[PDB]
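Report on one structure; see the data block that follows.
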Amino acid sequence: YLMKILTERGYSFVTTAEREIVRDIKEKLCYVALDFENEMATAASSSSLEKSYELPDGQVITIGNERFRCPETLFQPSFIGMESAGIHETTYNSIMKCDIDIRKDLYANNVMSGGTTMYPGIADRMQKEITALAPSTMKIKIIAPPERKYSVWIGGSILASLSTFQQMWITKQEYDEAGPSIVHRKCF
Amino acid sequence: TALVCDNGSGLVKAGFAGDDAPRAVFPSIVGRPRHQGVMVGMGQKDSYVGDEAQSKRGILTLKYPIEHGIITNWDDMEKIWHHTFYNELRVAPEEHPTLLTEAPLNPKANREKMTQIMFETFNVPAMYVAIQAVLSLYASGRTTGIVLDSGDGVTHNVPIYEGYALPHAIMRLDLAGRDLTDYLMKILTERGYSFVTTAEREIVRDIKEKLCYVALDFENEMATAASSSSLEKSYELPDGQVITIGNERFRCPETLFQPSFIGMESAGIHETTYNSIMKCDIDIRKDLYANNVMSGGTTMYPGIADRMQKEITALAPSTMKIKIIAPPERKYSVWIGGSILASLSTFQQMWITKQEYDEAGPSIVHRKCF
Amino acid sequence: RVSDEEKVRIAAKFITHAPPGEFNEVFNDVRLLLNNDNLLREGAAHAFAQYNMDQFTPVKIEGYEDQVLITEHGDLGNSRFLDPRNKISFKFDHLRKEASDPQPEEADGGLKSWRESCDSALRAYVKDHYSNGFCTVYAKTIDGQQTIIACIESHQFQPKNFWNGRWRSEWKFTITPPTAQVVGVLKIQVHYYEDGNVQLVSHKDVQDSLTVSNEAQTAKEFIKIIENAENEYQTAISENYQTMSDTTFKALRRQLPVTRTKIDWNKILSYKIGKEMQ
Amino acid sequence: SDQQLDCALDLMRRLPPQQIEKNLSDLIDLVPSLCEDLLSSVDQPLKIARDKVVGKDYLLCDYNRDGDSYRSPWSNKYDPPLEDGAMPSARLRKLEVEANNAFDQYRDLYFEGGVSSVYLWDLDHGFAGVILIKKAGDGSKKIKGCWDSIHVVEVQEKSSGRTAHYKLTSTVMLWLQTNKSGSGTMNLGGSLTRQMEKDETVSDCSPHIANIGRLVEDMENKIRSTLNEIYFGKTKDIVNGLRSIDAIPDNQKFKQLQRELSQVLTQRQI
Ligand SMILES: Nc1ncnc2c1ncn2[C@@H]1O[C@H](COP(=O)(O)OP(=O)(O)O)[C@@H](O)[C@H]1O
Ligand SMILES: [Mg+2]
């Protein structure tokens, strides 16, 4: 989507090598706005949100409001034509499909993981959206660790270093006896 | 000429009282545009109702006004009733009394707002509200028995003795064909098929209506499905792709008998029926066991009568005769019973007219009406 | 063995804990387990009277209608009781529950104008709400002041359908102008034993106040507070039955686990692993 | 003789199901001759003992009793310490530890607390087991009541071991008490007893523990649904049938044309 909307300023990226360049631009320059309409208004009003980036051939590009339109698709999936709800609404629907007595602890222990949760505005925006969706007497805490780009691996090392996980492996003899369908029996 | 309208959670069945079949059967959906309109030589509406939504669902977001039996959106229900009265029946609602249906064990404000909307916006000479399972028993030519009414939003077990429903034994299960469609959408992801959009939900509904069935023995059917590909069936998508399902044909309706498949606390329809029978007095239990009547479209799976017979025979005492009646027209059975009730001679003095509503207000339906 | 006095005491305990309707079966059980008729007929004879005075037993007398209630408030001694409406005294047989010797009795005229006004409205209320309902109104002086006691009873003994039930209600207020305190004790006991066994015992104490005026208005106020207490008690019992499976029964055994699914018995260690990481 | 035993059973059957131990304590001093008879034929709340070696509680019944001592399932030792007691075989003990672990997880998932015990012993061809579950209410969270459950399983093998026959019988005792402002006190208690038989295939994909736990789980869910719907619902109906709002001489005003509608509908159907 950033590759598509970079053509508004005349920057055309086509090949699969240039997709890596656009990904690097997204990792370096994009951020999540707290309020999208006020951010669009202050981007149109003044040239104070623009940033510059240098291409591998030395050319310099500048983006002003593509910085927060690119991760707005996580909150408004209709930008790429998708009918689904945002990540905040998906979180609220996941909490509302649980038991009613455990929703307090689920609302207080929201954990963000992965590389797409590394934009430097996403925790406050998610807090505002969930606090809008949740009832007014509930406490909402969203936890974003600084090392959350590698969090599946750390918990995997924790799980693999445990004494009671050593019986949960799928051994070779079990694969020989049961074929490649025991992974639906021993693994969740 | 009276009007019989069955506003279900998934379909609307409306027609004239006295006919043997409904004249307008259309889906209860409102579609709204999703994309950018670029051509100006076009009709370019903003809301599509019924079949016009289903013929345009690829550029539309579909909404059901009724969710789990209760009415969530009243503007969309107004649109549904307007399309029913003026476009599918071509009638004037100022001249015809209208019979309406309502699921049992429902909030009273739903009936209040139903009467208020039908008397203030679509002004009728008279109106009446009836229970759906009682009409389904009336359409089957009997006055005593238990009705299993499973549709798009609710499943109900209603026992009726001498034309009167027994309200202390009415059982409600919040599982019907919409939950089965969503569970089929969930379990088609195992074979690699992704269905997300509201338009593709109708495709999965068509798949469920076309290919699914009820296994007599679930464990043996899962054993035979994992031994050979004799149960795999193919379906052709609207875009020409061919999908194949082998054991999702009987796992999806098993949520009717094992409701924990979608994460619901209640018991299956067989235990629900046995509980509804067992709450009644002993001298009517023989008549209720002998007169099991199925109703609605969710009872149209081609294995449900034999399975229900086996399970109720297992639950009941061994000296009890179990007979389950599944009429071939049970997709239209509330409407036929409403047609029978509205064409009776003594029913014509049970209409709630407009003058009594003026003298009473939006609370007469709890005293003159059931 | 143990002394016969201890056996009499525990037989009286067994008799006084009998469910409504089931008296003759309990009597048969104790008379077949004790195997001594002479210690049962006279050694424990106040147990039968105490059970009849607690269960609010209605007895149909010869002649007049509206079977009267056997309470401890209308006890005359030598197994005699009184009827405040019929102005009569009779002898009650607890074993066969039979009324005999209906000798006339005369009460003082002070507690008469304040009694019939409450009695007529209480009979109207019991006819209006209770199906098989009986009611009695007593009026007597205890703490230097006359007071009114109301007793309401309804039983629905159906042994062929394997269940019995009983509603009892007692109300009391001391007549003293300009205001008085009403105190009510409400009891329900239900037994149902078709294929297994289930019992319900419940009681509620309600305290309120009312103003004091002429007899008709204070009778109407007494009926009004009785209605507004018992209606809320029955509605609260129904709403408590509505939310049993989510609040109180879930505290003993849940219907489904918190995963909302049945247990995968091939993956017990996968449930056990998740609690070992603080 | 036997008539006295039947009278005692019918006496304590219709006693309130909250004081079963207290009512049984002062019933047995009446006739202390059939004390050994009725204690193997009535249902009682379970007893909790503590294994000091492993630090866990374990339930006491008549299937782990050797005279007066009781065998612990966690440490396989008696308390008080005797010698040459009744013991399972090594295969049976290896089955029993897995059964105790699985039913501990079952008790954690479904009961969220309480004591569970599983005891196994050998038969002529198969093996039998008793599963005891006890849960009392949490006093810190203002819950008063108790649940007791006894399940007896008999397993008969079929030589080759492809399939096996399971027979289950269950007894559940229960009581609850709530104290609320609008309702006062509310006591509800009773007991149910049910049976089940089923033949099932046994392999590496489904051992004996999975089959027994599946049968016990289905039976417990069925008994809980039956207790909530049939019995408490009948009690609610009896309560509503004793006293009624929507007055009896006033609720017949809206049942006048209903009789005419019913009779002309029966005319139409005939
Ligand atoms: N042949 C069929 N097999 C299984 N389900 C069906 C079949 N035909 C219709 N249904 C289901 O019946 C449901 C609606 O039936 P019906 O009771 O007539 O409408 P409503 O529920 O709105 O009253 C639909 O959700 C549909 O999935
Ligand atoms: Mg319907």
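Protein chains in written order, with the numbering used here: chain A, 2 to 189; chain B, 1349 to 1718; chain C, 2 to 279; chain D, 7 to 276.
The C-beta atom is built at its ideal place from N, Cα and C for all residues, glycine as well.
- request: Could you list the residues in the segment 243-275 of chain C with a C-beta less than 7 Å from some C-beta on chain B, going in chain order?
  value: 256, 257, 261, 262, 263
message: Let me check you understand the geometry: is the CB of residue 1726(B) closer than 8 Å to at least one non-hydrogen atom of ligand 1?
response: Only positions 1349 to 1718 of chain B appear in the structure, and residue 1726(B) is not among them; the question remains open.
message: Could you compute how far the alpha carbon of residue 67(A) sits from the alpha carbon of residue 49(A)?
response: In the first sequence, residue 67(A) corresponds to position 66, counting from 1. In the first sequence, residue 49(A) corresponds to position 48, counting from 1. Residue 67(A) and residue 49(A): Cα-Cα distance of roughly 13 Å.
- request: State buried or exposed for residue 1601(B), treating a residue as buried only when at least 16 other CB atoms are found within 10 Å of its CB.
  value: Translated into positions along the second sequence, residue 1601(B) becomes position 253. So residue 1601(B) ends up on the buried side.
- request: Decide yes or no for the touch test of the segment 1512-1531 of chain B against the segment 1667-1680 of chain B: beta carbon pairs closer than 8 Å, at least 3 of them.
  value: no
message: Beta-carbon within less than 6 Å of residue 220(C)'s beta-carbon, same chain only, minus the 5 sequence neighbours each way: which residues are those?
response: Along the third sequence, read from residue 1 onward, the residue named residue 220(C) stands at position 219. Only 118, 119, 122 meet the Cβ criterion.
task: Under 5 Å from any heavy atom of ligand 2, by CB: list those residues in chain order, please.
output: 1356(B), 1499(B)
message: At the 9 Å Cβ level, is residue 1595(B) part of the contact set with chain D, yes or no?
response: Counting from 1 along the second sequence, the entry for residue 1595(B) is found at position 247. False, the Cβ-Cβ gap to chain D never drops below 9 Å.
Cβ contact check for the segment 71-86 of chain A and the segment 103-110 of chain A: 3 or more pairs under 8 Å: no
message: Quick check on residue 141(D) - is its C-beta less than 9 Å from some C-beta in chain C?
response: Working through the fourth sequence from its first residue, we reach residue 141(D) at position 135. Interface residue, yes.
task: Grab the span of the beta strand (DSSP E) containing residue 155(C) for me, first residue to last.
output: Locating residue 155(C) in the third sequence gives position 154, where the first residue counts as 1. 147-156 is the extent of the beta strand (DSSP E) around residue 155(C).
task: Tell me whether residue 1644(B) counts as near ligand 3, meaning its Cβ is closer than 8 Å to at least one heavy atom of that ligand.
output: Among the ligands modelled here, namely ligand 1 and ligand 2, ligand 3 does not occur.
query: What is the rounded straight-line gap between the Cα of residue 2(A) and the Cα of residue 132(A)?
result: As a first step, residue 2(A) is located in the first sequence; it is residue number 1 there, counting from the start. As a first step, residue 132(A) is located in the first sequence; it is residue number 131 there, counting from the start. C-alpha separation (whole angstroms): 28 Å.
- request: Please classify residue 61(D): is it buried, with 16 or more other beta-carbons within 10 angstroms of its beta-carbon, or exposed?
  value: Taking the fourth sequence and counting its residues from 1, the one referred to as residue 61(D) is at position 55. Exposed, by the Cβ-count rule.
Amino acids of chain B, ordered along the chain, whose beta-carbon sits closer than 7 Å to that of residue 85(A): For the purposes of this step, residue 85(A) is taken as residue 84 along the first sequence, with counting starting at 1. Ordered by position in chain B, the residues that pass the 7 Å Cβ test against residue 85(A) are 1544.
Bridge partners - residue 1710(B), DSSP secondary structure assignment: Translated into the one-based positions of the second sequence, residue 1710(B) becomes position 362. Residue 1710(B) pairs with nothing; no bridge assigned.
Heavy atom of ligand 1 within 8 Å of residue 1405(B) beta-carbon: For this step, residue 1405(B) is matched to residue 57 along the second sequence. Every heavy atom of ligand 1 is 8 Å or more from the Cβ of residue 1405(B), so no.
task: Quick one: residues in its chain with C-beta nearer than 7 Å to the C-beta of residue 163(D), no 5 flanking neighbours on either side, listed in chain order?
output: Residue numbering aside, residue 163(D) sits at position 157 when the fourth sequence is read from its first letter. If we look at residue 163(D) and ignore the five residues flanking it on each side, its Cβ neighbours are 131, 132, 170.
task: Mark residue 1500(B) as exposed unless 16 or more other C-beta atoms lie within 10 angstroms of its C-beta, in which case mark it buried.
output: In the second sequence, counting from the first residue as 1, residue 1500(B) sits at position 152. Its Cβ being crowded by 16 or more others within 10 Å, residue 1500(B) is buried.
task: Could you spell out the range, first to last residue, of the alpha helix (DSSP H) harbouring residue 242(C)?
output: Sequence index remark: in the third sequence, residue 242(C) carries index 241 (1-based). Start and end: 216-243.
task: Label residue 1539(B) either buried or exposed according to how many other C-beta atoms from any shown protein chain fall within 10 Å of its C-beta, with 16 as the threshold for buried.
output: The residue labelled residue 1539(B) in the question sits at position 191 within the second sequence. With fewer than 16 Cβ atoms within 10 Å of its Cβ, residue 1539(B) is classed as exposed.
task: Could you tell me whether the Cβ atoms of residue 1359(B) and residue 1446(B) are closer together than 9 Å?
output: As a position in the second sequence, residue 1359(B) is number 11, starting the count at 1. As a position in the second sequence, residue 1446(B) is number 98, starting the count at 1. No. Outside cutoff.
query: When you compare each of 275(D), 78(D), 193(D) to residue 57(D) by their alpha carbons, which one comes out closest?
result: Residue numbering aside, residue 57(D) sits at position 51 when the fourth sequence is read from its first letter. Taking only the C-alpha atoms, the option nearest residue 57(D) is 78(D).
Which listed residue (209(C), 274(C), 45(C)) has its alpha carbon closest to that of residue 164(A): For the purposes of this step, residue 164(A) is identified with residue 163 of the first sequence, where counting begins at 1. The shortest Cα separation from residue 164(A) among 209(C), 274(C), 45(C) belongs to 274(C).
- request: Using a Cβ-Cβ cut-off of less than 7 Å, list which residues of the segment 212-239 of chain D approach chain B; keep chain order.
  value: 231, 235, 236, 239
query: Can you list the residues of chain A that residue 277(C) reaches, using a CB-CB cut of under 7 Å?
result: For this step, residue 277(C) is matched to residue 276 along the third sequence. Residues of chain A passing the Cβ test: 163, 165.
query: Cβ atoms of residue 63(C) and residue 165(C): under 9 Å apart, would you say?
result: Along the third sequence, read from residue 1 onward, the residue named residue 165(C) stands at position 164. Along the third sequence, read from residue 1 onward, the residue named residue 63(C) stands at position 62. Result no, Cβ atoms of residue 165(C) and residue 63(C) do not sit closer than 9 Å.
message: Below 8 Å on the Cβ atoms is my contact criterion, and I expect residue 284(C) with residue 27(C) to pass it. Report the Cβ-Cβ distance as a whole number of Å.
response: What is shown of chain C runs 2 to 279, which leaves residue 284(C) out entirely.
field: Selected residue, minimal CA-CA separation from residue 1420(B), among 1570(B), 1487(B), 1458(B)
entry: To locate residue 1420(B), count along the second sequence from 1; it is residue 72. For the residues 1570(B), 1487(B), 1458(B), the minimum Cα distance to residue 1420(B) belongs to 1458(B).
- prompt: Is residue 197(C) near ligand 1, in the sense that its beta carbon is under 8 Å from a heavy atom of that ligand?
  reply: Here the question's residue 197(C) lines up with position 196 in the third sequence. No.
- prompt: Are there three or more Cβ pairs, one per stretch, closer than 8 Å when the segment 236-256 of chain D is compared with the segment 191-206 of chain C?
  reply: yes
message: Only counting the same chain, and skipping five residues up and downstream in sequence, which positions put a Cβ closer than 8 Å to that of residue 88(C)?
response: Working through the third sequence from its first residue, we reach residue 88(C) at position 87. Cβ within range, chain order: 105, 106, 107, 108.
field: When 1536(B), 1479(B), 1355(B), 1460(B) are compared against residue 1431(B), the one with the closest alpha-carbon
entry: For the purposes of this step, residue 1431(B) is taken as residue 83 along the second sequence, with counting starting at 1. The candidate whose alpha carbon is nearest that of residue 1431(B) is 1355(B).
Collapsed DSSP secondary structure at residue 78(A) in the structure displayed: Locating residue 78(A) in the first sequence gives position 77, counting from the first residue. If DSSP states are grouped into helix, strand and coil, residue 78(A) belongs with the helices.
query: For the segment 153-162 of chain A against the segment 116-130 of chain A, are there 3 or more C-beta pairs whose distance is under 8 Å?
result: no
- prompt: Could you give the C-beta distance for residue 1628(B) and residue 1481(B), rounded to a whole number, given that I count them as a contact under 8 Å?
  reply: Position 280 of the second sequence holds residue 1628(B). Position 133 of the second sequence holds residue 1481(B). Rounded, the Cβ-Cβ distance is 15 Å, inconsistent with contact.
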